[PDB]
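Before any comments, here is the structure.
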Amino acid sequence: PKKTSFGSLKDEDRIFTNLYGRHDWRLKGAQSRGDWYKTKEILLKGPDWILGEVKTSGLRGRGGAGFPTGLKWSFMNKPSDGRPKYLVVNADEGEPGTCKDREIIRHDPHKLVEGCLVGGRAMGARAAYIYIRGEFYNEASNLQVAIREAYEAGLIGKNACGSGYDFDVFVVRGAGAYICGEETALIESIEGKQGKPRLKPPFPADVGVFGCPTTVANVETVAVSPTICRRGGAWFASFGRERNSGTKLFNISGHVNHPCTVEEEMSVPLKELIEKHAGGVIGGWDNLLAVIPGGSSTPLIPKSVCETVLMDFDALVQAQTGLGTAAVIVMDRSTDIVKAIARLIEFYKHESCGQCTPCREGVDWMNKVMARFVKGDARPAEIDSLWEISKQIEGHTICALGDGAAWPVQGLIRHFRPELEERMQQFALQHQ
Amino acid sequence: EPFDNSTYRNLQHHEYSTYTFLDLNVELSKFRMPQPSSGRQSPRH
Amino acid sequence: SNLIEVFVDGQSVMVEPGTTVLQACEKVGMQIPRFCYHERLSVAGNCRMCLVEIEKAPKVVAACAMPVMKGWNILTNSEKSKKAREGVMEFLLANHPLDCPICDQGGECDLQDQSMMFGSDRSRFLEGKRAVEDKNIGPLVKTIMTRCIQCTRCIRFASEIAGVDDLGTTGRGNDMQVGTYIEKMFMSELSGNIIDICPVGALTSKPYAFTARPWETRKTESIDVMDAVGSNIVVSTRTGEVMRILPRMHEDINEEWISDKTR
Amino acid sequence: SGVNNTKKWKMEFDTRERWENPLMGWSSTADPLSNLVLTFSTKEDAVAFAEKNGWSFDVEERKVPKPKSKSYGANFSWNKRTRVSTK
Amino acid sequence: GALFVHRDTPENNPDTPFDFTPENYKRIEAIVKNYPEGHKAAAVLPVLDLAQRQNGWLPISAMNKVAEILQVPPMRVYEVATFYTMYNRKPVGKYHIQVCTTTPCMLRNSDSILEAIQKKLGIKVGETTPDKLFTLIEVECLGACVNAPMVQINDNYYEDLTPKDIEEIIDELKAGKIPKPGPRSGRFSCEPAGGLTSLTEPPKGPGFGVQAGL
Ligand SMILES: Cc1cc2nc3c(=O)[nH]c(=O)nc-3n(C[C@H](O)[C@H](O)[C@H](O)COP(=O)(O)O)c2cc1C
Ligand code: SF4
Ligand code: SF4
Ligand code: SF4
Ligand code: FES
Ligand code: FES
Ligand SMILES: [K+]
């Protein structure tokens, strides 16, 4: 029953069998994979069925939220209040290491839009407002032709999949930012506003956009919904461990021989990921000094921690990090860890929206003191201060970017403390 | 028809014009339901 | 009736549902430190100084936009609440320019006063401060934008209270420049009141600039005569003459704003 | 924004003639009672002071804050104009 | 360029003659149609891109002309333009280079690609060629970090880029020929350099795992 020797995803187990664009990525190959089939029947079965199936599915927050999507998609499932309900696909993908949504938009967006309509049955929405990243210009047009064939065929729009459903799907290309990645700042970008996180409550669920309720979901979570309700959520629940239910499009990157976004069997030791599917990393296991586990926000872990940990939400949490978007970036002895997170935290300073004081001021302050840390211009107690202000901005921000900035530096402090001391110590004698 | 392993079938992303996104957006209007009315046509109004 | 019951740091107090954490605090006499919220000017929630930890909470709640429900003890003087206050206040003060002896807000500055009560007593900064280029939106109000803390209280005032959309916060990140981007001119009949709402010396009255200080100026209560509205105002007198005119609190007549001519 | 001044009562007087000193421009004043303000918890103790000293009398009631029903969802409305134009 | 205050220049002035072509009003009316009536400020974001796709940049006239055609105050138009990255308010030189520099990119030596662009093209970061060809600006992740170092030419983005690989990309782009966007190595979109791992057996047929009526 419990497949503890856990790994080796199958092509049928791969929700999207066209992630590389290998076969026909367009609508002509969509129905070949199994897409746009039996959607007429389920849409008639009522929202509770998909809610029931997703309960068995175990879909959790794949956009870094780490929350059961079944609860969230049913969170706002209330009778009509007159204000139309809406859907949003968080296709921002601004994290340095997030690529799977870029692949799914470019190659299999028919699963995405169908997931919107089969999802839109659950929240009882009248239209979707997917937020394609502006940098994904040709991927935006890629889903437009998916939009084109799906609309006139009756699959989406009026009589959604011929089920008496007026659910639609709109497209909004961005103009460049990470802060639009978070839903509470995404909606302002949708709502003709500069991307600034919105304070909750009010939640997006009861009121998302233009004073109207709107459900926000990660790109894969909505895109995997049609398959998990077609073949069966329990089969998809057979993947992942407890509260890790399912499989994840891992994003292999860094100093790895063959960097990849494979939809690969989930809750798996990173050793199996890097060697079996990524063709090893450069120099081998001994070469890699540390690994960014699942995203830039997620604190990186060294070989001393990642020697046995499986890439699952529960094990990642107790590993003082998170799986997030499975953005696994492997990093070796040759490169300096301080320089590695230097560019990350510099990027974070280049993406704070400045709305709340802790993120606007703290991240910039972090950038300056850390830039000294690259050379080593500090004293022993500055790491403790860098510890201190990290906790100060951890959770005190309006949005989760501030503590999203706390975690990477926090993990760097706790793990390679002697490295900071010696590099800082080297700073002193060379500049004596 | 046979399953491939070294063929990319997304050549359209190279051959997208400068207005291609807008060139598909313009005629998307025919599949449009009556948009919801907020009781007015702007909050300042 | 429907007034929901809730505790504040102990003692329980009933309150109308939908009331935020602040609005329940002053019912017992608690004025939680705030920078971006004005009782008659929208709700911003960006200053994060109102952050007070609540009982059982794993995260400090933003008291401005948090509706309270049954039995939520407001841990006002709790350690982590004061810890959140200490961190957020030094963050606001980080890039602030050392202008107190030359800033007219000296002696009546909210950033100055709260740092005495809810603030540290030494600095941990070891870097260079941010410098924002000044603007010019009138000969009636000065603009020293480096002193700004981006509480956005000015832009909201223009949007609703003044009814004119000419103010905003251009930029990204630490480059949160609040102003008009293009060269513009903040002529509204209620323009002079953005001086009072600003908690810092970011905007100050040019006519009053460098003429007096808050401690020396004696205050007297009188009325406005420049208009038939007859606004209640307080007159500043020092050394035997008048320097600056401030609106008074009168919800029926003037609320707390006065016309530019009166100011 | 702090309000730890609108909680007490005072004993202010009426300002009298203030003429500049001929030499160096002072505020030479012959009002001995000008620079005295007292503090009273309530006003009935404050009025009692007026009776015992028999001074001329007028009062002003506290300007209590009318309770402003604030909200954050109103800044993002669907029909009401309370939607904010900037955040 | 790092100037969030607008200086009234003779070239970029409110009197600059900006407008739209017959097709563009059809484009913007499609943008405003996509959103419910009553709240049409959402159309501000795409209409700015329309000016991006016509003028190649945003003059102050373009933002001001957007204001009344969207029934929105001009300052809100400025706020949308100033925040977002490629809503460039200053004129750019046609080929608009975004070398990707964030931590995943620099870990696999994006500096060599940056250096190759630095020396061969001859201009520094954020600058432009003497006669309006290229503009190299360091950019963060655009959302494809799986591949090798990256550079976004206009709307055509490129990956699997070695320091040499961008050198013939910039060679042929100098002559005016646009290289094929996408990964340049044997990687097509996201499969291993050493032979693909997944996508081996044919995909399942239309409809699987029927739950009775379903
Ligand atoms: C700084 C930041 C960036 C984010 N970026 C993304 C993103 O690119 N894509 C995404 O799906 N969610 C992103 N999120 C998470 C969203 O806020 C939101 O929780 C998520 O879309 C929920 O997805 P779900 O409903 O499928 O769980 C981001 C959050 C933060 C704080
Ligand atoms: S943490 Fe605060 S300042 Fe940073 S992006 Fe979020 S809301 Fe804006
Ligand atoms: S705003 Fe306040 S703290 Fe800052 S210089 Fe002026 S008086 Fe001093
Ligand atoms: S200028 Fe003054 S009122 Fe405006 S945001 Fe800054 S501190 Fe607030
Ligand atoms: S009062 Fe809550 S942030 Fe200013
Ligand atoms: S890492 Fe180069 S695209 Fe994000
Ligand atoms: K002020």
Ranking of C:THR143, C:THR237, E:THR21, A:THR357 by count of other Cβ atoms within 10 Å, fewest first: E:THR21, C:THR237, C:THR143, A:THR357
Work out the mean other chain Cβ neighbour count within 10 Å for the residues of A:255-266 and drop it here as an integer. 5
Using amide H atoms built in the peptide plane, which far-off residues or other-chain residues are under 5 Å from C:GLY179 H to H? C:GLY168, C:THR169, C:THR170
Once you've got the GNM for chain A with C-alpha springs shorter than 10 Å, pick whichever of A:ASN244, A:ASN138, A:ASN257 has the biggest mean-square fluctuation. A:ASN138
Computed FRET efficiency, Cβ-Cβ of C:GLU79 and D:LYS10, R0 30 Å: what is it to the nearest 0.05? 0.20
For q = 0.07, 0.11 Å⁻¹, what log10 I(q)/I(0) does chain E give under the Debye formula with an equal point scatterer on each alpha carbon and no solvent? -0.32, -0.70
Along the charge dipole of chain C, which of C:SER81, C:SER123, C:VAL6 sits closest to the positive end, that is, farthest toward it, with unit charges on the beta carbon of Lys, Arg, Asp and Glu (+1, +1, -1, -1)? C:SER123
Please average, across the residues of A:197-209, the number of beta carbons from any other chain that are within 10 Å of each residue's own beta carbon, and give a whole number. 4
So for each of C:18-29, C:242-253 I average, over its residues, the number of other beta carbons within 10 Å; can you give me the resulting order with the highest mean first? C:18-29, C:242-253
Can you compute the equivalent ellipsoid semi-axes for chain A, i.e. the square root of 5 times each eigenvalue of the Cα gyration tensor, sorted largest first and rounded to whole Å? 38, 25, 18
Kirkwood calc, segment A:5-129, C-alpha pairs only, radius in angstrom 16.1 Å
Those residues of segment D:1-29 whose amide nitrogen sits under 14 Å from the label point placed on D:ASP45, 7 Å along Cα→Cβ: D:7-11
When the scattering of segment C:45-152 is computed by the Debye formula from its Cα atoms alone, each counted once and equally, what is log10 I(q)/I(0) at q = 0.12, 0.16, 0.22, 0.24 Å⁻¹? -0.53, -0.84, -1.26, -1.40
With 10 angstrom as the radius, rank C:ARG263, A:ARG26, A:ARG121 by how many other C-beta atoms surround their C-beta, starting from the fewest. A:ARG26, C:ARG263, A:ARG121
Once amide hydrogens are built 1.01 Å from N within the peptide plane, the residues lying 5 or more places from C:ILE233 or on another chain with amide H under 5 Å from its amide H are C:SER222, C:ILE223, C:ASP224, C:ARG248
Shielding of E:155-165 by partners, i.e. mean partner chain Cβ atoms within 10 Å per residue? 2
Take the eigenvalues of the Cα gyration tensor for the protein assembly as shown, scale each by 5, and report the square roots as semi-axes in whole Å, largest first. 53, 32, 30
Cut-off 15 Å, label 7 Å out along Cα→Cβ of C:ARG40, residues of segment D:67-86 by amide N: D:67-70
Estimated FRET transfer efficiency when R0 is 30 angstrom, pair C:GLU127-E:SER112 (beta carbons, to 0.05): 0.45
Put +1 on the Cβ of every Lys and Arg and -1 on every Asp and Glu Cβ in chain D; which of D:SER1, D:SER56, D:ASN21 then has its Cα farthest towards the positive end of the dipole? D:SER1
Among D:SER41, D:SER71, D:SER56, which one shows the biggest mean-square fluctuation in a GNM of chain D, springs joining Cα atoms closer than 10 Å? D:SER71
Using the count of nearby Cβ atoms within 10 Å as a rough guide to exposure, how do C:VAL88, E:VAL44 rank from fewest to most? E:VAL44, C:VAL88
Net charge near B:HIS45: determine it from the other residues with C-beta under 15 Å of the C-beta of B:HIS45, scoring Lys and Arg +1 and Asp and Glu -1. +3
Under a 5 Å amide H to amide H cut-off, with H placed in plane at 1.01 Å, what residues pair with A:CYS260 once short-range neighbours are removed? A:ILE252, A:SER253
Derived scalar couplings ³J(HN,Hα) [segment C:92-98; Karplus, 6.51 cos²θ - 1.76 cosθ + 1.60; whole Hz; x for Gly, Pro]: 4, 7, 4, 8, 5, x, 7
Within a Gaussian network of chain A (alpha carbon springs, distance under 10 Å), most fluctuating of A:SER163, A:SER245, A:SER80: A:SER80
Calculated from DSSP helices alone, with each H run of at least 4 adding -39500 (n - 2.57) and the total divided by the residues of chain A, [θ]222 nm to the nearest 500 comes to -11500 deg cm²/dmol
Determine one quarter of the surface area of the Cα convex hull of chain D, which equals its mean projected area, and express it in nm² to one decimal. 11.6 nm²
In the structure shown, do any of C:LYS129/E:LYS119; A:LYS303/E:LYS180; C:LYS80/D:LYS87; A:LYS2/A:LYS276; A:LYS196/C:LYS80; A:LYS276/E:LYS177 have a Cα-Cα gap over 31 Å, and if so which? C:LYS129/E:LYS119; A:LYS303/E:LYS180; A:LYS276/E:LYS177
Rounded to the nearest 500 deg cm²/dmol, what is the calculated helix-only ellipticity per residue at 222 nm for chain E, with -39500 (n - 2.57) per DSSP H run of length n ≥ 4? -10000 deg cm²/dmol
Model label zone, B:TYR19; criterion: amide N under 17 Å from point 7 Å along Cα-to-beta-carbon; scope segment A:123-158: A:141
As a test of the formula, what do you get for chain C when each DSSP H run with n ≥ 4 contributes -39,500 (n - 2.57) and the sum is divided by the residue count, at 222 nm and rounded to the nearest 500 deg cm²/dmol? -4000 deg cm²/dmol
Normalise the Cα radius of gyration of segment A:292-416 by 2.2 N^0.38 Å (N = residues in it) and let me know the number. 1.02
Longest segment of chain D lacking GluC sites (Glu not before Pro) that sit in a DSSP loop with at most 12 other Cβ atoms within 10 Å: D:18-59
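Bear in mind that the values in this text are calculations on the coordinates, not laboratory data. So basically every Cβ, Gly included, is an ideal-geometry build from the backbone, and we count neighbours across all protein chains shown.
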